[PDB]
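Here's the structure we're looking at; comments come further down.
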There are 2 protein chains.
Amino acid sequence: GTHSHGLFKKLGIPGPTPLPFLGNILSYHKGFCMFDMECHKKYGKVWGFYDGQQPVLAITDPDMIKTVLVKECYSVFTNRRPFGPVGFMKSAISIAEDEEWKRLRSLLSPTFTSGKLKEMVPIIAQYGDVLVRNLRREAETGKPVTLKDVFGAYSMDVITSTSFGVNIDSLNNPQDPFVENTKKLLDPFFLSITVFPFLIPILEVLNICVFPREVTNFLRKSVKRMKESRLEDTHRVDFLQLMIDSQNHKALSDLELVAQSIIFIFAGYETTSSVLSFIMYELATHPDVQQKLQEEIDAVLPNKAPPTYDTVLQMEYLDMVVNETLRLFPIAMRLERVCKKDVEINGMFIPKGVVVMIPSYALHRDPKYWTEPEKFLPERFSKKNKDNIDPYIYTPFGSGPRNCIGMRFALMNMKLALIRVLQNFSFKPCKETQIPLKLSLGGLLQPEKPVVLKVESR
Amino acid sequence: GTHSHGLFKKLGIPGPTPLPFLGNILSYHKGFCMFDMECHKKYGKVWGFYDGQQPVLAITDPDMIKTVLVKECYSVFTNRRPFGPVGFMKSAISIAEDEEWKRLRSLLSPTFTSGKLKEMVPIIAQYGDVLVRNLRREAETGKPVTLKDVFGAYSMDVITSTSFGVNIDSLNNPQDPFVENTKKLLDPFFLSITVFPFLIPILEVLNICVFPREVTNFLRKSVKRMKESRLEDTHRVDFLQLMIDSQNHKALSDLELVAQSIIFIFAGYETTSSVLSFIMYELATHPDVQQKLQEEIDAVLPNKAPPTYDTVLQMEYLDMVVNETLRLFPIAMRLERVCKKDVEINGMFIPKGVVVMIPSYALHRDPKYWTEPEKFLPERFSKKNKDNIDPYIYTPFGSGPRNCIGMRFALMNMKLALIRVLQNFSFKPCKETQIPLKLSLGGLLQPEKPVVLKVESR
Ligand code: HEM
Ligand code: HEM
């Protein structure tokens, strides 16, 4: 019941009073983000709460965040919180722990270099043209457009060609065997898990694998079909080939190959589609920002020139818009590390087993570091003001050795979509648009209502 | 079902074919020991089997046993197999893992030194006189005596005075609050656990603590009564004081104090009582050995002189009888270590998670190292033949940093009992005696029938 619920009281750490068994999970009715901002406002820099029987310690001090994410990563704070039923996804880089994660991290790090990203921008740019082609149709209909569907179709077209080389227009091909099996996904079982963590091993013995054995065998058989058709018949630049070439520490196995590719699919579809919808909402509700970005894009790229890797990294106002949107909407919301052993960081005793949490959403809106946090102001990230941003308060991609390994890929992917879309269209709020935007009440950072806007042709 | 049952087939390791879910647990119908000897005879030096879904690898090569128990103890083979419902006994030295065990081992190692054992032999010898006093009564009745009851009463009298200083004659005091609460213990739930390991965390949330909350609070309140009555009112030589003094790495906590004392109670009652019964069986069925031991005891100790610490370690034939009995009856039966990470020891790939097992019982009776293993021959351990015994085939107390920390205490305790008993009595087989002795069919090394013998007065 209250087995470990007296931990934070024994250490003198404040926090909301936990209920037996449940802990503080009932305080999630307002959302992960609202619960973090209220605890930050009512407890100061450090507080604690319980996800069931699991004690969670939240820290907001910049030096402690640097100590947890960077200084004591390999020694104390290496792994993340486990785990609903895992299956074979234990070999996933974002799920692996300790030395197995370090092996996968070092094996997949050369894949996400800027040199390998630069070789992927011709393929990613191809579907930017496909994106505006499906947007040209939905704009000429003369009625609001749900940005979740055109960005989700674009985000999948990028992740299928970059991870496997499969080149399909998803929006106009409702069912290419590959598209549908990738669409087979995916509350309130997640809160049941956090309050019944002892029932997780039972879902392993009942062979209740979280992923359908049909799609799993598909991707596993689709990959082995690709590995066999390419060895040898008879130069490719996808994530699969970059991992196949690395197989010739110890090399990755064939099942480990499937595990990482499933990660990138989950990593690209949810995030890039949601962040692009957040950006277009801010661009539509701030037409002055949208015009200045279009004026910059027209300058570096004359007469709608095709965006390239070097021309994307030259646009400063584009990078300022992406960073300011990621401040208001950090899709990860939280950063988490498990304390492997008893440690003393910056004057605090952190006992073993406690989950250290970085409230990234609450830090991005804390009035102590941000002037008028609720407003979309891209000028915070200009070269004049960029210096005075603490890189441990603003952590949209995390920090330390276990930060987002696909940060460069995600930034390049979203910018290539924003450029081609803004070169052809302008976006204004319609009457179905939710103004102001409300966040989802669930456990995902997504708009409560799908973003609908007007789309004109330039 | 057969999730990891194909592990030993992938590594080319022989072993009995496992059944789905059950594995090889049905082969335990003949006993842990018979199953190890059959697998040793039918597979050679190395084989594998499954306790449910848990793969177990047995090794019999001396160099590999030394590598697992000594060379790669801290690095690879540090912890033992876990764990039915634990409760607060996670702080037990024999259950603790990794650095927490090393902390408890170094904190309790100075307690089991020969200097501290030498200061305990006057108190242990007091109950040797109590042992012969209760044996003088049960011998004058002129009928067979169950050695389990007089040795169990003696073994408890030693463990209560050495661990807490409580001085009570257990046999004639049926219920001293302390005696009974120590007698509140304790199949087929153990095999249910090995086949349902996922149900162990459920016994933790149901507050089904394996130890009754009544006796547990008793010992916890009995210890705090002793710690408070001794601090200060107002020189003691028990295990509790040796651990109380060590509290003034990091010092042991009050709950950690109770955990280790519970270990010593379980460690002393079952073993010393059972081994003494095994010794007296061999002494009775080999009267030539019993006479030569009594002739040696009468030499060093004239006219039944009181045995002392120095006089015990002088008796060679007494040490030869104890060692030969521990060969035929190693009460631990098996030595186990968990492989923490992928390692390559002496030409073998040991994957992570595999339990490495040392069949101590089967090694002590292997005809390759022992001539006529089934016969009780103390001359194997004479100074002439003692050199040619491999210390990794004969491992009655284990080996390496995690061997039996109470080996010296157990050897001194049993010898002090054997001396005082053999100084006064002789032992012959009666008609109720099970000849030849059969081992228990269960999961404990104890006689199938309780050892009953004739007891005469000298
Ligand atoms: C807007 C897009 C994205 C954002 C904002 C984002 C953000 C994050 C954050 C905050 C973390 C956790 C960092 C930490 O715990 O310190 C993370 C982890 C990770 N991300 Fe991303 N991510 C994005 C897209 C992607 C993409 C497209 C990929 C791959 C194709 C990717 C791959 C990963 C991986 C593998 C990890 C775990 C790294 C590890 O455990 O070593 N992410 N991401
Ligand atoms: C005839 C009596 C005894 C025998 C044959 C015996 C044998 C053993 C064996 C074989 C092990 C495992 C070694 C390994 O895994 O390598 C062990 C462990 C242990 N024994 Fe004994 N034992 C006896 C009595 C005792 C007594 C009386 C005590 C304490 C009062 C004791 C305390 C321990 C402890 C604490 C461990 C675990 C050590 C650790 O995990 O670090 N034993 N014993």
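Here, A, B, ... name the chains of the structure tokens in the order displayed, residue numbers run from 1 inside each chain, and ligands are numbered from 1 in the same displayed order.
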How would you write, as a VMD selection string, the set of residues in segment 268-452 of chain B that DSSP gives as alpha helix (DSSP H)?
chain B and resid 268 to 285 287 to 300 309 to 312 316 to 328 360 to 364 407 to 424
Just the residues within 9 Å of residue 315 of chain B, please, counting only C-alpha atoms, with nothing from its chain fewer than 5 positions along; format it as a ChimeraX atom specification.
/B:293,296-297,300,320
What's the 8 Å shell around residue 78 of chain B, counting only C-alpha atoms, without same-chain residues fewer than 5 positions away, as a ChimeraX atom specification?
/B:72-73,97-98,337-340,402
Keeping only N, CA and C atoms, take the residues you just selected and write them out as a compact mmCIF listing (two decimals), in the first residue's frame.
```txt
# COMPACT_ATOMS: atom_id res chain seq x y z
N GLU B 72 36.48 -14.80 -11.58
CA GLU B 72 35.49 -13.89 -12.14
C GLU B 72 34.30 -13.72 -11.20
N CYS B 73 34.58 -13.64 -9.89
CA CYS B 73 33.50 -13.46 -8.92
C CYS B 73 32.94 -12.04 -8.99
N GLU B 97 23.02 -8.46 -3.36
CA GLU B 97 23.64 -8.57 -4.67
C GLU B 97 24.59 -7.42 -4.92
N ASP B 98 25.66 -7.71 -5.65
CA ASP B 98 26.59 -6.72 -6.22
C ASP B 98 27.22 -5.92 -5.08
N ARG B 337 25.79 -19.46 -9.20
CA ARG B 337 26.17 -18.08 -9.50
C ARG B 337 25.42 -17.64 -10.75
N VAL B 338 24.99 -16.38 -10.76
CA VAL B 338 24.31 -15.81 -11.92
C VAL B 338 25.33 -15.11 -12.79
N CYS B 339 25.28 -15.39 -14.09
CA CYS B 339 26.18 -14.76 -15.06
C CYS B 339 25.67 -13.35 -15.35
N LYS B 340 26.42 -12.34 -14.91
CA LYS B 340 25.95 -10.96 -15.04
C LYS B 340 26.03 -10.45 -16.47
N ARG B 402 32.60 -15.49 -2.00
CA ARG B 402 31.25 -15.71 -1.50
C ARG B 402 31.08 -17.14 -0.99
```
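From atom CA of residue 263 of chain A back to atom CA of residue 36 of chain A, the distance works out to 27.1 Å.
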Which residues are near ligand 1 - at most 8 Å, using only C-alpha atoms and all ligand atoms? Format: as a PyMOL selection string.
chain A and resi 69+80+93-96+101-102+105+159+260+263-265+267-269+271-272+275+326+330-337+395-407+409-411+414
Out of B:446, B:53, B:162, B:27, which residue has the shortest atom-to-atom distance to ligand 2 when counting only C-alpha atoms and all ligand atoms?
B:162
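For chain B, the residues no farther than 7 Å from chain A when using only C-alpha atoms are residues 198, 201 and 202 of chain B.
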Using the selection just defined, write its residues with C-alpha atoms as a PDB file, in the first residue's frame.
```pdb
ATOM      1  CA  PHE B 198       6.284 -14.091 -12.729  1.00  0.00           C
ATOM      2  CA  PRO B 201       6.092  -9.844  -7.485  1.00  0.00           C
ATOM      3  CA  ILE B 202       2.403 -10.508  -6.782  1.00  0.00           C
TER       4      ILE B 202
END
```
